[PDB]
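Peer 1: Protein sequence lines, in the order shown, are assigned to chains A and B. Using UniProt numbering, the letters of the first sequence map in sequence onto residues 11 to 90, 108 to 345, 675 to 696. Using UniProt numbering, the letters of the second sequence map in sequence onto residues 10 to 30, 42 to 90, 114 to 348, 671 to 695.
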Amino acid sequence: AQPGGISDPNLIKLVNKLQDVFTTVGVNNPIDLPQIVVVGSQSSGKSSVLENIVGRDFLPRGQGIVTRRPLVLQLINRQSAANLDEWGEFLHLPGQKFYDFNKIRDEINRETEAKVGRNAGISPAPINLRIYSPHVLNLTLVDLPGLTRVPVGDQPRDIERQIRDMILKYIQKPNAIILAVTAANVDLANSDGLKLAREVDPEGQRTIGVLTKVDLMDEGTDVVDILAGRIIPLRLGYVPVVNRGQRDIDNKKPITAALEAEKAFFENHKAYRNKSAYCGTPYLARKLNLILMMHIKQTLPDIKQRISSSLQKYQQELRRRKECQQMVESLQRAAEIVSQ
Amino acid sequence: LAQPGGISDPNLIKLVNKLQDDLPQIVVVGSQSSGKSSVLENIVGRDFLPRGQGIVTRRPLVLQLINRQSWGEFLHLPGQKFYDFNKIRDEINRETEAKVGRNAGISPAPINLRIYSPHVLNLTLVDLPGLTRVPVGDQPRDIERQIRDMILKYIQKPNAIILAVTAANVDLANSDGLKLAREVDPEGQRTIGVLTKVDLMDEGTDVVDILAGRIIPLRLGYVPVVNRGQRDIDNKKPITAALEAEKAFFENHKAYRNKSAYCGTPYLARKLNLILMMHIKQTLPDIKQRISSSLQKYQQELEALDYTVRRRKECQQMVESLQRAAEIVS
Ligand SMILES: Nc1nc2c(ncn2[C@@H]2O[C@H](COP(=O)(O)OP(=O)(O)O)[C@@H](O)[C@H]2O)c(=O)[nH]1
Ligand SMILES: Nc1nc2c(ncn2[C@@H]2O[C@H](COP(=O)(O)OP(=O)(O)O)[C@@H](O)[C@H]2O)c(=O)[nH]1
Ligand code: ALF
Ligand code: ALF
Ligand SMILES: [Mg+2]
Ligand SMILES: [Mg+2]
Ligand code: NA
Ligand code: NA
């Protein structure tokens, strides 16, 4: 559970408090948090980014096509590094609990291979995963295969159309935050992630550009012009990232060492020092945290109005008396908490 | 620029000159900033193409090599000769900017350049902008379609060798060059894959599987190359040092030593030279047939024989000339 992001203890406490408040005054819950979806070209580093957001390794990563089926991860808050209060469970394996996240990765691989073989095949049938933990939100993440241009192995001629439709079904909804993942060692104008995001989200009200592989850029080049909004501007801006390379994947490098390595990388290069606070996985997590806090606080006006109307009605109305006065006190406490 | 073992091989030029006494054009296709201009200029052997990150090439450049025995000429600047190739590069930049501004605009209107040298062939090369996905600057929403059509106009012809340029630091299945080449040349009988930026690949990864033909096979195969990075461009590094650097890179990397002879710009030049020689030797059947028929006709006439005198002379001269030509062929 990493502080200052989407698993922020403060944010989880806030959501739980507000949920209990609403469930103590007969008011339906309006908190409809968006799902976070990664979209981009093949091997652009989407699974790496998503697992970095989660904070524990559990997604299959590697060169070529690795993710070949949508993985719909369902974070589940559960009142109480193989922990016991935390685990994952698959829908196609009901009843089974996965406390070892390495076993979750292994099961994702096995389930994928069992349905799309081991020859680059693809399927839109999602792998549904629930992760229970007392330190997460009721949030939905989505990992997707990367878009390609030339088919390989069992792939049909229209593989691009299939992958594109598979992604569009997940990013077409207005309540979805699009992580458009682009490799930094590629010109930004070639980004499939930005292309698709702009296709669904032209106004950029829910698209975050994530520039991966910045440690693999040609010597003397940087992404500073993009961050400043000088090439292809994004309302929500860009975030550079340094995930684990292929050598690190083969060596099963832990996530913590990789995050420290990213921190050092951005603290040492002359082009990113002056803006190091705006670099790395932590800043992407902070952007997502701010967006979620925005979505929560945007529901405070109508809730205040509803509570005011209910209080006016109940006060005009006044075992029934005791319950009603308790409800009046509860409504006032609810208004107070909605204020803080 | 008179480099042996490529498209400017002196023996090949001598052969062409012998034969006279319709080569295909070479077109580069690939994603933006994939290194197409670098590959093309290395094939030619002299620096004269604008290079750099972002969008640099924004208009087709139709370079026409012309053999001449004792410089550059632009269509929009008639009469001016460019002996200094740096000025050729500057003029390409200026002419591009004169029609598409300086904000990434693009146009299919080509810049026509002729380079005369006694060490070149009568050949046509074409440099093109790279395909993109998102518009930039003044570019319209359909910039991708416009660039795609601009390229198709040049690679749809059957007499075109397609250098499909793919950066090696990108998965091959994302290659725009291969997609387009297969779109026009599905049988791959005239497509050569060129893998650039091999010096920027993630540690532990290589293109050994691609060269071996295990991912996306190409009849004519793949060639890895190491062009000048942006740091080299800024320092105006000469071509000789850059090519030596490519040679050393492939002579030292653990994955390519055992096959260094099949890597680099020299090997791509050798491939193109063999393709051109094939196209030349493909013109030998009809020439032999025509010479044989002409010889039969003239020999019949001579056997038959003031007009008779100056016709017998003509026929004997034509017989000698046809025999000399038929021997040149052999
Ligand atoms: N060096 C480096 N390699 C990266 C980075 N991000 C991704 N990669 C590599 O990119 C390849 C594909 O990564 P992955 O996360 O599986 O991409 P996906 O196919 O889009 O899910 C792997 O070899 C990763 O090591 C990065 O920031 N730096
Ligand atoms: N290090 C390195 N950089 C390369 C290589 N090939 C291309 N580049 C860089 O890629 C960028 C764009 O190159 P360019 O030839 O102009 O590509 P074009 O837009 O397709 O014509 C420049 O910064 C080049 O230095 C290569 O093999 N190695
Ligand atoms: F393995 Al991928 F996009 F190439 F998840
Ligand atoms: F400058 Al380019 F393809 F990006 F020639
Ligand atoms: Mg993946
Ligand atoms: Mg170019
Ligand atoms: Na991949
Ligand atoms: Na470029």
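All residues carry an ideal CB built from backbone N, CA and C; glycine is no exception.
Quick check: does the Cβ of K56/A come within less than 6 Å of any heavy atom belonging to ligand 5?
Peer 2: Mapped onto the first sequence, residue 56/A falls at position 46. Indeed, a heavy atom of ligand 5 lies less than 6 Å from the Cβ.
Peer 1: Out of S160/B, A691/B, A147/B, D127/B, which one is the CA nearest neighbour of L85/B?
Peer 2: Your numbering for residue 85/B matches position 65 in the second sequence. The shortest Cα separation from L85/B among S160/B, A691/B, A147/B, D127/B belongs to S160/B.
Peer 1: Note down, in chain order, all residues in the segment 253-284 of chain B with a beta-carbon under 8 Å from any beta-carbon belonging to chain A.
Peer 2: Listed by position along the chain: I258, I259, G272, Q273, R274, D277.
Peer 1: Taking 8 Å as the cut-off, does the segment 177-186 of chain B touch the segment 150-157 of chain B (at least 3 CB pairs, one atom from each stretch)?
Peer 2: With a cut-off of 8 Å, the segment 177-186 of chain B and the segment 150-157 of chain B do not count as touching, because too few Cβ pairs lie within range.
Peer 1: Given that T175/A touches chain B, what residues does it touch there, using C-beta distances under 7 Å?
Peer 2: By 1-based counting over the first sequence, the position of residue 175/A is 148. Simply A216, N217.
Peer 1: Tell me whether the segment 210-217 of chain B and the segment 166-183 of chain B touch, counting them as touching only if at least three CB pairs, one residue from each stretch, are closer than 8 Å.
Peer 2: No, because fewer than three Cβ pairs between the segment 210-217 of chain B and the segment 166-183 of chain B fall closer than 8 Å, the two stretches do not touch.
Peer 1: Assign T139/B to one of two classes, buried (16 or more other C-beta atoms within 10 Å of its C-beta) or exposed (fewer than that).
Peer 2: Translated into the one-based positions of the second sequence, residue 139/B becomes position 96. So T139/B ends up on the buried side.
Peer 1: Would the beta-carbon of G307/B fall within 7 Å of that of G50/B?
Peer 2: Numbered from 1 along the second sequence, position 264 holds the residue referred to as residue 307/B. Numbered from 1 along the second sequence, position 30 holds the residue referred to as residue 50/B. Cβ atoms of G307/B and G50/B: not closer than 7 Å.
Peer 1: In this structure, how does DSSP classify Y126/A when only helix, strand and coil are distinguished?
Peer 2: Taking the first residue of the first sequence as position 1, residue 126/A is located at position 99. Note: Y126/A maps to coil in three-state DSSP.
Peer 1: If you draw a straight line from the alpha carbon of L223/B to that of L83/B, how long is it in whole angstroms?
Peer 2: Against the second sequence, residue 223/B aligns to sequence position 180. Against the second sequence, residue 83/B aligns to sequence position 63. Their backbone Cα atoms lie some 22 Å apart in a straight line.
Peer 1: Mind checking the segment 63-82 of chain B against chain A and listing, in chain order, the residues whose C-beta falls within less than 8 Å of any C-beta there?
Peer 2: For the segment 63-82 of chain B, which is checked against every Cβ of chain A, the residues closer than 8 Å are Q73, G74, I75.
Peer 1: Between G247/A and chain B, is there a C-beta pair that is closer than 7 Å?
Peer 2: Stepping through the first sequence from its first residue, residue 247/A is reached at position 220. For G247/A, the answer is yes, since a Cβ of chain B falls inside 7 Å of its Cβ.
Peer 1: Measure the C-alpha to C-alpha separation of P121/B and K23/B and round it to an integer number of angstroms.
Peer 2: On the second sequence, residue 121/B is found 78 positions in, with the first residue counted as 1. On the second sequence, residue 23/B is found 14 positions in, with the first residue counted as 1. Near 30 Å, if we compare the C-alpha coordinates of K23/B and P121/B.
Peer 1: CB of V169/B to nearest heavy atom of ligand 7: below 6 Å?
Peer 2: The residue given as residue 169/B occupies position 126 in the second sequence. No, ligand 7 has no heavy atom inside 6 Å of this Cβ.
Peer 1: Hey, does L221/B have any beta-carbon neighbour from chain A nearer than 7 Å?
Peer 2: The sequence position of residue 221/B within the second sequence is 178, counting from 1. For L221/B, the answer is yes, since a Cβ of chain A falls inside 7 Å of its Cβ.
Peer 1: If we call anything under 7 Å between Cβ atoms a contact, is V47/A one with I276/A?
Peer 2: Sequence index remark: in the first sequence, residue 47/A carries index 37 (1-based). Sequence index remark: in the first sequence, residue 276/A carries index 249 (1-based). Not a contact, by the Cβ cut-off of 7 Å.
Peer 1: Under 8 Å, with one C-beta from each stretch per pair, do the segment 334-341 of chain B and the segment 313-320 of chain B reach the 3-pair mark?
Peer 2: No, the segment 334-341 of chain B does not touch the segment 313-320 of chain B.
Peer 1: When you compare only the Cα positions, how much space is there between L118/B and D30/B?
Peer 2: In the second sequence, the residue the question calls residue 118/B occupies position 75. In the second sequence, the residue the question calls residue 30/B occupies position 21. Between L118/B and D30/B, the C-alpha separation is close to 30 Å.
Peer 1: I believe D245/B touches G272/A by the beta-carbon criterion, under 8 Å. Please report the beta-carbon distance rounded to the nearest angstrom.
Peer 2: Taking the first residue of the second sequence as 1, we reach residue 245/B at position 202. Taking the first residue of the first sequence as 1, we reach residue 272/A at position 245. That pair is a contact at about 5 Å.
Peer 1: Near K56/B, what residues of its chain come up, given a Cβ to Cβ distance below 6 Å and the 5 sequence neighbours on each side ignored?
Peer 2: If you number the second sequence from 1, residue 56/B lands on position 36. Correct list, in chain order: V48, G50, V208.
Peer 1: On the three-state DSSP scale, how would you describe residue 98/A?
Peer 2: Missing from the coordinates: residue 98/A, inside the break in chain A from 90 to 108.
Peer 1: Out of curiosity, what's the CA-to-CA distance linking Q325/B and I205/B?
Peer 2: Walking along the second sequence from the start, residue 325/B turns up at place 282. Walking along the second sequence from the start, residue 205/B turns up at place 162. Answer to the nearest angstrom: the Cα atoms are 19 Å apart.
Peer 1: Determine, for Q232/A, whether the minimum Cβ-Cβ distance to residues of chain B falls below 7 Å.
Peer 2: Here residue 232/A corresponds to residue number 205 of the first sequence, with the count starting at 1. No, because no Cβ of chain B sits closer than 7 Å to the Cβ of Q232/A.
Peer 1: Do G115/B and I158/B come within 7 Å of each other at the CB atom, strictly closer than that value?
Peer 2: As a working note, residue 158/B is residue 115 in the second sequence. As a working note, residue 115/B is residue 72 in the second sequence. Cβ distance < 7 Å, so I158/B and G115/B count as in contact.
Peer 1: Closer than 6 Å to a non-hydrogen atom of ligand 1 - does that hold for the CB of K240/A?
Peer 2: By 1-based counting over the first sequence, the position of residue 240/A is 213. Yes, ligand 1 has a heavy atom inside 6 Å of this Cβ.
Peer 1: Please determine, among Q681/B, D67/B, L174/B, the residue with the shortest C-alpha to C-alpha distance to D133/B.
Peer 2: Translated into the one-based positions of the second sequence, residue 133/B becomes position 90. Closest by alpha carbon: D67/B.
Peer 1: Quick check: is any heavy atom of ligand 2 less than 6 Å from the C-beta of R71/B?
Peer 2: Against the second sequence, residue 71/B aligns to sequence position 51. Checking the Cβ of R71/B against ligand 2 gives yes.
Peer 1: Per DSSP, which residues does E116/B bridge with? Please list them.
Peer 2: Looking up residue 116/B in the second sequence gives position 73. According to DSSP, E116/B bridges with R157/B.
Peer 1: Would you mind reading off the limits of the alpha helix (DSSP H) that contains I205/A?
Peer 2: Numbered from 1 along the first sequence, position 178 holds the residue referred to as residue 205/A. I205/A -> not in any alpha helix (DSSP H); beta strand (DSSP E) instead, spanning 203-210.
Peer 1: Just checking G173/B against ligand 4 - is the residue's beta carbon closer than 6 Å to any of the ligand's heavy atoms?
Peer 2: Residue mapping note: residue 173/B aligns to position 130 of the second sequence, counting from 1. Checking the Cβ of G173/B against ligand 4 gives yes.
Peer 1: So with Cβ pairs under 7 Å, would you call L243/A a contact of chain B?
Peer 2: For the purposes of this step, residue 243/A is identified with residue 216 of the first sequence, where counting begins at 1. With 7 Å as the cut-off, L243/A counts as an interface residue toward chain B.
Peer 1: Got a sec, what are the start and stop residues for the beta strand (DSSP E) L168/B sits in?
Peer 2: Position 125 of the second sequence, counting from 1, holds the residue named residue 168/B. Where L168/B is concerned, the enclosing beta strand (DSSP E) stretches over 166-170.
Peer 1: Would you call the segment 284-298 of chain B in contact with the segment 257-267 of chain A, where contact means no fewer than 3 C-beta pairs closer than 8 Å?
Peer 2: Result no; under three Cβ-Cβ pairs closer than 8 Å.
Peer 1: Quick check: the Cα distance between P172/A and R79/A, rounded to an integer number of angstroms?
Peer 2: To locate residue 172/A, count along the first sequence from 1; it is residue 145. To locate residue 79/A, count along the first sequence from 1; it is residue 69. Cα-Cα distance, rounded: 6 Å.
Peer 1: Please determine, among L164/B, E679/B, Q52/B, the residue with the shortest C-alpha to C-alpha distance to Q12/B.
Peer 2: On the second sequence, position 3 is the one that residue 12/B refers to. Among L164/B, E679/B, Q52/B, the Cα nearest to that of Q12/B is on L164/B.
Peer 1: Go ahead and label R176/B buried or exposed: buried means 16 or more other beta carbons lie within 10 angstroms of its beta carbon, across all protein chains shown.
Peer 2: For the purposes of this step, residue 176/B is taken as residue 133 along the second sequence, with counting starting at 1. Under this definition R176/B is a buried residue.
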